[PDB]
């Protein structure tokens, strides 16, 4: 039970921390020294390199930003050559299914049991150890992996074989974008026609218009004091990241010749938002398209 952890960013750091607090030994690596230092103070050893970290490890976990970086790091010279014997590889970044199926197959072509296990939840849930994993790959691996997932998270869904994790993640987050936008526009329509935001919200929440966002993440400021909207959209899940996910969803749709009118429109709208300088705001900042007075 010795782990290599590569990628200690907004999600990487707290996930790696919860693994330490669970009793695992970690070799961490990250392009950014202050991130390695964070985990070293919490009781991990820094590895000189991804390669180094991996040399000696039972399981290798990566949490990096996108497709490029992940394929880069696993795909020759690439660390995946240098990797290991009977080691469990857990690829938890959110990347394009194609990109994950490719990496999986190279895992196969080396006996390595790998899983794509993208995460849903946020920085707040990464810290609390309550994240949701969506996993492609063998039940074989999964069960070997479960004890780790349980340390970093709560709901563990087996979504299918190589790539299924990414597929479910992409599908889920696209629908999220849609209901969030749908929620922001509905919110602003009622308010503009005379309704009190909080009243309108509760009605739709308890009704057929009900959805995740209205439950826990209202885009309208004041409705939920605890939400990004009530603090001018700071923190939370970046608009820029949501756009990326939507981008991955487009990629999947084109492969399957799928039609995604709402998702694609949502994407178009998030890009507008990025034009308006909101890339680093919470994705609910999409509310600003409908309300000026903000």
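Positions refer to the first chain, counted from 1.
Deposited sequence between residue 109 and residue 110: no residues lack coordinates (chain continuous). Comparing 266 to 274 with 18 to 26, the stretch with the higher mean C-alpha B-factor in the PDB entry is 18 to 26. In this crystal structure, the stretch out of 217 to 225 and 84 to 92 whose C-alpha atoms carry the higher mean B factor is 84 to 92.
Across 134, 177, 73, 126, the greatest Cα temperature factor reported in the deposited entry is at 73. Within the listed group 53, 40, 241, 249, the record reports its top CA B-factor for 53. Residue 230: CA B factor in the middle third of modelled residues in this chain (values from the PDB entry).
For residue 260, the recorded CA temperature factor ranks within the lowest third of the chain's modelled residues. Sorting the modelled residues of the chain by their CA temperature factor places residue 196 in the middle third.
For residue 209, the recorded CA B-factor ranks within the lowest third of the chain. Only modelled residues enter the ranking. Annotation for residue 164: C-alpha temperature factor in the middle third relative to the rest of the modelled chain, per the entry.
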